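Colleague: Experimental coordinates follow, after the sequence.
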Amino acid sequence: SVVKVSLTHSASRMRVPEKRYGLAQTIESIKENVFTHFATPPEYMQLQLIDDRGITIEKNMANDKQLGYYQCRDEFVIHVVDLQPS
């Protein structure tokens, strides 16, 4: 029902080592929370779900879907791809 993940960011060396999300949470709600750490506007984020073996499960999770749709598990990595322009 809840997962422990880490957060990485495509435009920085910044890592957040432990984060707990509900699998029922929409990806949009997760991006909101992610903003508290990296401060990319959520409209300019894609979330890539990587498993604990480094394998990409989803390159860009849809805002209206829930994290559990993507079969997220403990120790997985949500990588934030930063698309914000100039």
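Modeller: The structure has been received and is ready for your questions. Numbering: from 1, shown residues only.

Colleague: could you list every residue that touches residue 67?
Modeller: Counting by C-beta atoms under 8 Å, 6 or more residues apart in numbering, residue 67 makes contact with 3, 21, 22, 23, 24, 25, 26, 27, 30, 61. From N, CA and C alone the C-beta is placed, and that goes for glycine too.

Colleague: Let me know the helix or strand that the last one is in.
Modeller: Pointing back at residue 61 there. Following DSSP states H and E, there is no helix or strand that holds residue 61.

Colleague: Is it in contact with residue 28, as I believe?
Modeller: No: counting by C-beta atoms under 8 Å, residue 28 is not a contact partner of residue 61; they are 9.7 Å apart.

Colleague: Between those two, which has more neighbouring residues?
Modeller: residue 61 (23 against 16; other C-beta atoms under 10 Å).

Colleague: Quick check, central residue of the protein?
Modeller: Nearest to the mean C-alpha position of the chain, by C-alpha atoms, centre = their mean, lies residue 78 at 3.5 Å.

Colleague: Can you name the residues that contact that residue?
Modeller: Counted by C-beta under 8 Å, 6+ apart, residue 78 has contacts 5, 6, 7, 8, 19, 30, 34, 47, 48, 49, 50.

Colleague: try it again with 10 Å
Modeller: 3, 5-9, 16, 19, 21, 27, 30-31, 34, 47-50, 58, 61, 67, 70, 72 (C-beta atoms under 10 Å, 6 or more residues apart in numbering).

Colleague: now these: which count as buried?
Modeller: By neighbour count, with 16 or more other C-beta atoms under 10 Å, the contacts of residue 78 hold 3, 5-9, 16, 21, 27, 30-31, 34, 47-50, 58, 61, 67, 70, 72 as buried.

Colleague: from the residues you listed, which ones fall inside strands?
Modeller: Per DSSP state E, strands hold the following members of the buried ones among the contacts of residue 78: 3, 5-9, 16, 21, 47-50, 58.

Colleague: Nearest to residue 39, out of those residues: which one, please.
Modeller: residue 9 (9.7 Å; C-beta to C-beta).
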